[PDB]
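Have a look at the structure below before the remarks.
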Amino acid sequence: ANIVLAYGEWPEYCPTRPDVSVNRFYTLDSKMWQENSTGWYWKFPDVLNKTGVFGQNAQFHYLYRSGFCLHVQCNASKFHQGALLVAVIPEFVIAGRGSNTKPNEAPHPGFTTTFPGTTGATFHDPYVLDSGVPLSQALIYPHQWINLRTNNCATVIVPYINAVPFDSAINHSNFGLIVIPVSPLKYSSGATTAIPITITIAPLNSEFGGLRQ
Amino acid sequence: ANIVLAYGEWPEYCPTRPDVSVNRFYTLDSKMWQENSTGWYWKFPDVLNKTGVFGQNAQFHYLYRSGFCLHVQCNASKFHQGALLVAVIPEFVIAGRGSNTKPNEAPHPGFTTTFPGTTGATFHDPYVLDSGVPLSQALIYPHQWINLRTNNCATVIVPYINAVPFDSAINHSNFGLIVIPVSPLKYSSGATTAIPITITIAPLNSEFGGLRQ
Amino acid sequence: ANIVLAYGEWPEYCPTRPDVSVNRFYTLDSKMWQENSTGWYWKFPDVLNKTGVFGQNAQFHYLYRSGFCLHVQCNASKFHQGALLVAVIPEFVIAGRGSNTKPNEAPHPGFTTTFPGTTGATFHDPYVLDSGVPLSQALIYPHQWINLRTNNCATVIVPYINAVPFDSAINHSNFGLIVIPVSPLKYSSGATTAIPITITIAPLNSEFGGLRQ
Amino acid sequence: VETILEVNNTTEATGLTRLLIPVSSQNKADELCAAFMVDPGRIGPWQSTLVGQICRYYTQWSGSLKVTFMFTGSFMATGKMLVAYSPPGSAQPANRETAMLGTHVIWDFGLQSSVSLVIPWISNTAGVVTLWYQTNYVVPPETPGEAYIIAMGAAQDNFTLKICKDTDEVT
Amino acid sequence: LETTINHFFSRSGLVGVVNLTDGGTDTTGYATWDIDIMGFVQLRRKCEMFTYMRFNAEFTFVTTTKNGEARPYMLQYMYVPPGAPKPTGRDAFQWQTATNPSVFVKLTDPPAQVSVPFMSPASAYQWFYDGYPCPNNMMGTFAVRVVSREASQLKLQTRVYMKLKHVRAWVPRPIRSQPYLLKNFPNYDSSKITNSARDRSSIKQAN
Amino acid sequence: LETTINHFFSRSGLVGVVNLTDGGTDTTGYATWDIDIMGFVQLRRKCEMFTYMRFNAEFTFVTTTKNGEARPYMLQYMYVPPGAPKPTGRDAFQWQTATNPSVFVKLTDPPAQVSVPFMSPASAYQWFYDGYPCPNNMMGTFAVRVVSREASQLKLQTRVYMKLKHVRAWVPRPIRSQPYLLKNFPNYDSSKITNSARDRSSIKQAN
């Protein structure tokens, strides 16, 4: 496989270091990609705030700094066809959809939309990335194409991208993942009507600070 | 101060090692020692199963091995008088008080009596150590005298005493502490009618194994 | 391809040696594997007692000793799915199916069932290997999996396994082959409803003795 | 020696199909597929293996085990699955997020077709191996969307047995 | 030299007594005796002085009849290891098992004598187990039967004499002064606590 | 160390039981017992786990009376090697043959004990013989009689305890799970096939 190293920097240290039970392959549930699907996004440092030792050591602490090793498999048969675009986005701010210019009458995304959790969330307008920004140039980020006739896997080693070397892992999602079916799914009748997408992440080089019992 | 090293062996290693947040002085609440008091005992590896990081890393694991550094202060004025006997007891099994020889009619100690918790428990018959064993020879254990005219402190470095090098820290209290007022408390009128007893423990050389999320 | 050497021993010599016309790839007819198939077994030293020079030099002699190089191909399309278990069994004694404890009233397998010949024979209860022995641990023998999504070939180099270094090749089948469809055959409509299985065997290191004209 | 476990030992099953875990494309994105115990000397799926028959002649055992899966399906069908070991103590996990915080291996079907999970340190609850649907079971047109997974299991170099005793499979 | 543990324990005392009837409608014949070293108060008081112990055992079976005269009759002693099932009747299959070792000896022969090693899954025996599962240390069983074909009409009375060997002890503890109430529990009496020193007249004498 | 073949087999189990009457008009007296190690299911299941075996045997004869009391009476055990003819009566000439070794022992003596070596014309014993002549591996016979002049009026009951020694095994094979139907044939039942794993409720539990 070919690894796209995000911004040419390896996740390095700078606080406790677990180094044993948090450097394991956390595997999220598979997403069923279909014909009329739109896309999916995941806010990362609050995907793993409910899963095991990393969630325990990220909720009971106050300072946090880590990188990530992503892995996105999408295993389909040799008769299906389509394409995915998997891309990480630093500081992925979800915009609100409306046409109101007043402060407390304009819409705003809820807590479940901004922080989806360990189950992700789907887009509403994937052409504008739900942020008023066209996705055609979204290749400016670190990204890979999951083309269902060349490969079925993608991997992104993403370092720590933040202005302050330590930040809260609960009230600030560092960066997001976005998978988008640019080319739709096509298949003849009699095949499997839905393709699973599996995501496994590894918290490389985790550092925690200021734990409140 | 003079340290009584229990059985002449230092607590040593043999599994994760926290080594940072569990090697701190856990300080229990003070016991009010009075004229008509009887004594107190503490089952150790379940005293700290509810207090902070050690309780978290001892409840969520399955194997456990550590020693302890005890500290028992008893600060009284220079006009009070009395004596305490502080002693550790390996495998301190609380007996039941009754006169019945039938299996399911003879009394047995409850869960709160065998495992007192972080608040300790008082004796009922301190002359027989609540175990049918006279306390006059209870000096066979590691022990110190807290005499209120010579010193006000005691310290016991106790190693790991068990037949199996790893054991559950929830269903098996390794060893107990017993403070007993051999000589009663005496004071003239107008003084403080109760003397506080403070206990601080340090889990030297902790080892945990098999953690179930 | 990957070769599973049976019991880690090469077939070696210890009597005439043909070495020319018997070390050739005898190819048996293909078996049509279908949905509701059960399995097949072959008793080896009487499979080739009717085929050419090896049959002539094995019927007209009295003592016999040789090893074998097996080859089992199973070529299916990339849309079929299933799995086979090919395993050699030393001294594969076919049991009789019945519920009678009397000597001359209990059933016994006939001559065509014990010695199938060059056309093989099918199982009746493949769960018990037709011998009262469960096949789940039949992996204790030399064996390979023919998985129709990884490979389509298997090969077993089997040495001479017998208690006497010479034995009759007509009244004693040394060892048997057993192919069993553990995972059944599945295919969408419009494909080939039957998959051929081809077996080619090579009598490595043959030795014959005591020929009666 | 590896040996096919009988993980599908429920009722309404014939002789051979008790050795197979069924995987389909009708089941949803995140759902439980199959779970079983670890103790080889116990009435369950480990009674059909060889280590489960040998560890019955002896009354005490220790050491690590190894459970290896193998996917029998089409070549054009892909998808991910989460195999998850939960050590002794708490009961079987309820959701995929609780399982992936324990011990877990993400095994897909594209490249790998046979995963192997090593179970540490088990002796005379005893541990729980669960097997979850990660994403889906995608299948192209003109292909059956139903496959099987064979589970196998054996001991390791640390496996040691003590105290001889006659078995109880016979009468 | 006679103050060490190996001389404080190694001496062939008497642990158990087993009866046997071998009669008619109550055709038991067998006589199982679960073996524990806490039978008689003396050895229990000498063994609860310590917290951990480790030892081998020599077992001597001395079998007599009811009155005392002994006739030549074959006897089978059978050691059921920890975990193996006990025999249920005189002629059950747990008597013909090969795992359970047996000793065939007549009454007129010298008394039987076997040796049992350290058979605990832990590193040593412990009598005081503060926690939840009495512990799980066990030694086994010793079922005994009259080997015959036609029912024997006698009632024997076996004695089981145990001697400890290669004894090692750890973590000494004080000696129990209060009386006993149960077998596997150190239950004393709340009322009527006996003092560990007999009373005298006054404190200024030498009585 | 207790997992090797030499500790998996070497243990003095019970192979056979032989009756004896020595009466009036049915003046048999002798009691022949063709010796095969496939008597009881346990040893057959432990010995059919392998394809080839090779071992010596120790045989222990423990003889009791009907009720169980044993009086001093001479007994002759006689090992008939493979190929030699069996004795036909109590006082036939096959009892005074020198080739057939005999053991003379009283009832009040300790049980008899002999040793038989590897006696097969092949290089090892085989239990599964795929072909036509059950194979021709045999061990012998063990005919036993009461040595007397005037007919003994008692009925004994001998037990034959076998212990394997110097055991070597070859070509392991899976363990028979189906029940047994015959002695020299691995015949199972077509209907009522017992599953090798007990049923549970569902596949998503841990029962």
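By convention here, the chains of the structure tokens are called A, B, ... in the order presented, each chain's residues are numbered starting at 1, and ligands are numbered starting at 1 in the order presented.
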Review point. What's the 10 Å shell around residue F:70, counting only C-alpha atoms, without same-chain residues fewer than 2 positions away, as a ChimeraX atom specification?
Key: /E:71-74,106,148 /F:63-68,72-73,106-109,156
Could you make a table, as JSON lines, of the residues of chain F that have an atom within 12 Å of an atom of chain E, each with its nearest atom pair and distance in Å to one decimal, counting only C-alpha atoms, in chain and number order?
```
{"residue": "F:7", "atom": "CA", "partner": "E:99", "partner_atom": "CA", "distance": 11.2}
{"residue": "F:8", "atom": "CA", "partner": "E:99", "partner_atom": "CA", "distance": 10.1}
{"residue": "F:9", "atom": "CA", "partner": "E:98", "partner_atom": "CA", "distance": 9.7}
{"residue": "F:10", "atom": "CA", "partner": "E:98", "partner_atom": "CA", "distance": 9.8}
{"residue": "F:11", "atom": "CA", "partner": "E:98", "partner_atom": "CA", "distance": 6.6}
{"residue": "F:12", "atom": "CA", "partner": "E:98", "partner_atom": "CA", "distance": 6.5}
{"residue": "F:13", "atom": "CA", "partner": "E:98", "partner_atom": "CA", "distance": 4.4}
{"residue": "F:14", "atom": "CA", "partner": "E:96", "partner_atom": "CA", "distance": 6.2}
{"residue": "F:15", "atom": "CA", "partner": "E:96", "partner_atom": "CA", "distance": 9.1}
{"residue": "F:16", "atom": "CA", "partner": "E:96", "partner_atom": "CA", "distance": 10.4}
{"residue": "F:17", "atom": "CA", "partner": "E:96", "partner_atom": "CA", "distance": 11.1}
{"residue": "F:18", "atom": "CA", "partner": "E:149", "partner_atom": "CA", "distance": 11.6}
{"residue": "F:19", "atom": "CA", "partner": "E:149", "partner_atom": "CA", "distance": 10.0}
{"residue": "F:20", "atom": "CA", "partner": "E:149", "partner_atom": "CA", "distance": 11.7}
{"residue": "F:40", "atom": "CA", "partner": "E:96", "partner_atom": "CA", "distance": 9.7}
{"residue": "F:41", "atom": "CA", "partner": "E:97", "partner_atom": "CA", "distance": 11.1}
{"residue": "F:42", "atom": "CA", "partner": "E:97", "partner_atom": "CA", "distance": 8.7}
{"residue": "F:43", "atom": "CA", "partner": "E:98", "partner_atom": "CA", "distance": 9.3}
{"residue": "F:46", "atom": "CA", "partner": "E:98", "partner_atom": "CA", "distance": 11.9}
{"residue": "F:60", "atom": "CA", "partner": "E:104", "partner_atom": "CA", "distance": 11.1}
{"residue": "F:61", "atom": "CA", "partner": "E:104", "partner_atom": "CA", "distance": 11.3}
{"residue": "F:62", "atom": "CA", "partner": "E:104", "partner_atom": "CA", "distance": 8.5}
{"residue": "F:63", "atom": "CA", "partner": "E:74", "partner_atom": "CA", "distance": 9.1}
{"residue": "F:64", "atom": "CA", "partner": "E:148", "partner_atom": "CA", "distance": 6.1}
{"residue": "F:65", "atom": "CA", "partner": "E:148", "partner_atom": "CA", "distance": 6.8}
{"residue": "F:66", "atom": "CA", "partner": "E:150", "partner_atom": "CA", "distance": 4.6}
{"residue": "F:67", "atom": "CA", "partner": "E:150", "partner_atom": "CA", "distance": 3.6}
{"residue": "F:68", "atom": "CA", "partner": "E:148", "partner_atom": "CA", "distance": 4.3}
{"residue": "F:69", "atom": "CA", "partner": "E:73", "partner_atom": "CA", "distance": 5.1}
{"residue": "F:70", "atom": "CA", "partner": "E:72", "partner_atom": "CA", "distance": 6.1}
{"residue": "F:71", "atom": "CA", "partner": "E:72", "partner_atom": "CA", "distance": 7.9}
{"residue": "F:72", "atom": "CA", "partner": "E:72", "partner_atom": "CA", "distance": 10.1}
{"residue": "F:107", "atom": "CA", "partner": "E:72", "partner_atom": "CA", "distance": 9.7}
{"residue": "F:108", "atom": "CA", "partner": "E:72", "partner_atom": "CA", "distance": 7.4}
{"residue": "F:109", "atom": "CA", "partner": "E:106", "partner_atom": "CA", "distance": 9.7}
{"residue": "F:110", "atom": "CA", "partner": "E:105", "partner_atom": "CA", "distance": 8.2}
{"residue": "F:111", "atom": "CA", "partner": "E:104", "partner_atom": "CA", "distance": 8.8}
{"residue": "F:155", "atom": "CA", "partner": "E:149", "partner_atom": "CA", "distance": 9.9}
{"residue": "F:156", "atom": "CA", "partner": "E:149", "partner_atom": "CA", "distance": 8.5}
{"residue": "F:157", "atom": "CA", "partner": "E:149", "partner_atom": "CA", "distance": 6.9}
{"residue": "F:158", "atom": "CA", "partner": "E:149", "partner_atom": "CA", "distance": 9.8}
{"residue": "F:159", "atom": "CA", "partner": "E:147", "partner_atom": "CA", "distance": 10.3}
{"residue": "F:160", "atom": "CA", "partner": "E:96", "partner_atom": "CA", "distance": 11.5}
{"residue": "F:161", "atom": "CA", "partner": "E:98", "partner_atom": "CA", "distance": 9.8}
{"residue": "F:162", "atom": "CA", "partner": "E:98", "partner_atom": "CA", "distance": 10.0}
{"residue": "F:163", "atom": "CA", "partner": "E:98", "partner_atom": "CA", "distance": 9.7}
{"residue": "F:164", "atom": "CA", "partner": "E:98", "partner_atom": "CA", "distance": 11.8}
```
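The shortest atom-to-atom distance to chain C, with only C-alpha atoms taken into account, belongs to D:144 out of D:63, D:144, D:41, D:153.
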Practice item. May I have the residues within 6 Å of stretch 113-128 of chain D as a list in words, using only C-alpha atoms and disregarding those fewer than 5 positions away in the same chain? Key: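 So, after excluding close chain neighbours, the residues are residues 36, 37, 38, 39, 60, 61, 62, 63, 64, 65, 66, 67, 68, 69, 70, 71, 85, 86, 87 and 88 of chain D.
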**Study point:** Test item, strand (DSSP E) assignment across stretch 12-182 of chain A, answer as JSON, numbers by chain
**Key:** {"A": [26, 27, 31, 32, 33, 40, 41, 42, 43, 63, 64, 65, 68, 69, 70, 71, 72, 73, 81, 82, 83, 84, 85, 86, 87, 88, 89, 90, 121, 122, 143, 144, 145, 146, 147, 153, 154, 156, 157, 158, 175, 176, 177, 178, 179, 180, 181, 182]}
Using C-alpha atoms, can you export the residues from the last selection as a PDB file, in the first residue's frame?
```pdb
ATOM      1  CA  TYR A  26      -9.502   1.130  17.387  1.00  0.00           C
ATOM      2  CA  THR A  27     -11.916  -0.130  14.714  1.00  0.00           C
ATOM      3  CA  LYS A  31     -20.733   2.462   6.978  1.00  0.00           C
ATOM      4  CA  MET A  32     -23.106   1.073   4.345  1.00  0.00           C
ATOM      5  CA  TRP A  33     -22.364   2.946   1.114  1.00  0.00           C
ATOM      6  CA  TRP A  40     -19.576  10.981   5.825  1.00  0.00           C
ATOM      7  CA  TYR A  41     -17.428  13.011   8.202  1.00  0.00           C
ATOM      8  CA  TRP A  42     -15.876  12.291  11.598  1.00  0.00           C
ATOM      9  CA  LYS A  43     -14.566  14.764  14.176  1.00  0.00           C
ATOM     10  CA  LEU A  63      -4.481  18.680  28.368  1.00  0.00           C
ATOM     11  CA  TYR A  64      -4.071  16.529  25.274  1.00  0.00           C
ATOM     12  CA  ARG A  65      -1.688  16.177  22.312  1.00  0.00           C
ATOM     13  CA  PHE A  68      -3.142   9.682  14.307  1.00  0.00           C
ATOM     14  CA  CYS A  69      -2.601   6.794  11.888  1.00  0.00           C
ATOM     15  CA  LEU A  70      -5.770   6.316   9.833  1.00  0.00           C
ATOM     16  CA  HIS A  71      -6.817   3.290   7.785  1.00  0.00           C
ATOM     17  CA  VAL A  72      -9.879   3.232   5.521  1.00  0.00           C
ATOM     18  CA  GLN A  73     -10.771  -0.059   3.847  1.00  0.00           C
ATOM     19  CA  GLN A  81     -17.659   0.400  -9.684  1.00  0.00           C
ATOM     20  CA  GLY A  82     -17.264   3.824  -8.145  1.00  0.00           C
ATOM     21  CA  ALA A  83     -14.829   6.147  -6.450  1.00  0.00           C
ATOM     22  CA  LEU A  84     -14.352   7.663  -3.006  1.00  0.00           C
ATOM     23  CA  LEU A  85     -12.372  10.703  -1.893  1.00  0.00           C
ATOM     24  CA  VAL A  86     -10.983  10.385   1.643  1.00  0.00           C
ATOM     25  CA  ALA A  87      -9.468  13.580   3.020  1.00  0.00           C
ATOM     26  CA  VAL A  88      -8.493  15.026   6.390  1.00  0.00           C
ATOM     27  CA  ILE A  89      -9.418  18.648   7.088  1.00  0.00           C
ATOM     28  CA  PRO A  90      -7.759  20.653   9.898  1.00  0.00           C
ATOM     29  CA  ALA A 121     -22.641  11.908  10.450  1.00  0.00           C
ATOM     30  CA  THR A 122     -23.741  12.362   6.847  1.00  0.00           C
ATOM     31  CA  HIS A 143      -6.226  13.074   0.561  1.00  0.00           C
ATOM     32  CA  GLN A 144      -6.465   9.815  -1.337  1.00  0.00           C
ATOM     33  CA  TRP A 145      -8.734   8.327  -3.972  1.00  0.00           C
ATOM     34  CA  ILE A 146     -10.313   4.961  -3.194  1.00  0.00           C
ATOM     35  CA  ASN A 147     -10.956   3.806  -6.760  1.00  0.00           C
ATOM     36  CA  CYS A 153      -7.441   0.833   1.025  1.00  0.00           C
ATOM     37  CA  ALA A 154      -6.190   4.242   2.113  1.00  0.00           C
ATOM     38  CA  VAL A 156      -3.212   8.887   6.339  1.00  0.00           C
ATOM     39  CA  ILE A 157      -0.571   9.540   8.998  1.00  0.00           C
ATOM     40  CA  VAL A 158      -1.675  12.939  10.322  1.00  0.00           C
ATOM     41  CA  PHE A 175      -9.452  17.923  12.606  1.00  0.00           C
ATOM     42  CA  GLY A 176     -12.015  15.917  10.699  1.00  0.00           C
ATOM     43  CA  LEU A 177     -12.207  13.082   8.187  1.00  0.00           C
ATOM     44  CA  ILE A 178     -14.418  13.303   5.103  1.00  0.00           C
ATOM     45  CA  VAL A 179     -15.218  10.422   2.753  1.00  0.00           C
ATOM     46  CA  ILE A 180     -17.219  11.475  -0.300  1.00  0.00           C
ATOM     47  CA  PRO A 181     -18.507   9.293  -3.169  1.00  0.00           C
ATOM     48  CA  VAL A 182     -17.477  11.499  -6.100  1.00  0.00           C
TER      49      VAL A 182
END
```
Practice item. Could you jot down the atom CA of residue E:119 to atom CA of residue E:54 separation for me, Å, one decimal place? Key: 9.7 Å
Review point. Which one is closest to residue C:184: C:50, C:39, C:160, C:168? Count only C-alpha atoms.
Key: C:39
